[PDB]
């Protein structure tokens, strides 16, 4: 009845399979999927041992989703069949203190209630159709290209969230360091330019990726190696960086972040790569804050899409078919994706 990309066996690769076409229950909506982004978080999930994997098998992947509204569940109002929409991913209960400010990413009853994001417990977007639990998890696209913008649902939303949180500690004329210019990173750079006055130093491990970072707005680019810290120190007059966004989050990138963050600065550990930053006296500088944020808010998604509309941010897309999804994931693990891999089913 419909085609989809699923994780089905622990330690195995994602596979294109045929599954039932779902029907919207009451409250729910079905989208005909127009675009679906691939995220390195998916590689992280599939790289988990059986004892640590909690999302059930099979799992349709894909938590960056956009589409056209296909069918309405019982009692649904707010959207009409035919509306083009992006999917807000980090679902929450809707009612707690956090959910009420739109910050369903920090919902305090989601684990207890078994609420799970699409592609991370609930059925994802890498399919011809998908279900969304509730109308508040849908944002209008207007006449934004779904393929061009779908990744703003995470590749944009997540670093935007990290940046907005950090703005107090990034005055104009301060310096922001971005470690990793990939899916999130290449959007992170653009977002720092759009809404701060900060000088942006990007880092990565291919010249080719550094060149894209330069073009996307990075004032300075640097290889992520042993020299990085000292060059960043030189670039900031020895003061260090007011803000550091680590989009890798390995021990070594975190170590780098610790050596270059300024007095009173902030480190957002965005990338999930196995490290921790030892925060405390004589480890991190005085006044320096460290945080590992997760995804972002409903308002923030809308805001990121509005930046797309205004031409202030865009995704560098590498386009694929549904059948190529496995192939594309292999490319992503190998580091041969330029920007974001996006599937059009």
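Positions refer to the first chain, counted from 1.
Novice: Where do the C-alpha atoms have the higher mean temperature factor in this entry, in 136-144 or in 185-193?
Specialist: Higher of the two, by average CA B-factor, is 136-144.
Novice: So 73-81 or 248-256, which one's hotter by mean CA B-factor in the entry?
Specialist: The stretch with the larger mean CA B-factor is 73-81.
Novice: Say you rank 201, 155, 270, 110 by Cα B-factor from the PDB entry; which sits at the top?
Specialist: Answer, based on the entry's C-alpha B-factors: 110.
Novice: Looking at the C-alpha B-factor of residue 223, is it in the lowest, middle or highest third of its chain?
Specialist: Its C-alpha B-factor belongs to the highest third of this chain's values.
Novice: Lowest, middle or highest third: where is residue 294 by Cα B-factor in its chain?
Specialist: Its C-alpha B-factor belongs to the lowest third of this chain's values.
Novice: Sorting by Cα B-factor within the chain, modelled residues only, which third would residue 215 end up in: lowest, middle or highest?
Specialist: Middle third by C-alpha B-factor.
Novice: In terms of the CA temperature factor given in the entry, to which third of its chain does residue 343 belong: lowest, middle or highest?
Specialist: For residue 343, the deposited C-alpha B-factor lands in the middle third.
Novice: How does residue 282 rank on Cα B-factor within its chain, lowest, middle or highest third?
Specialist: For residue 282, the deposited C-alpha B-factor lands in the middle third.
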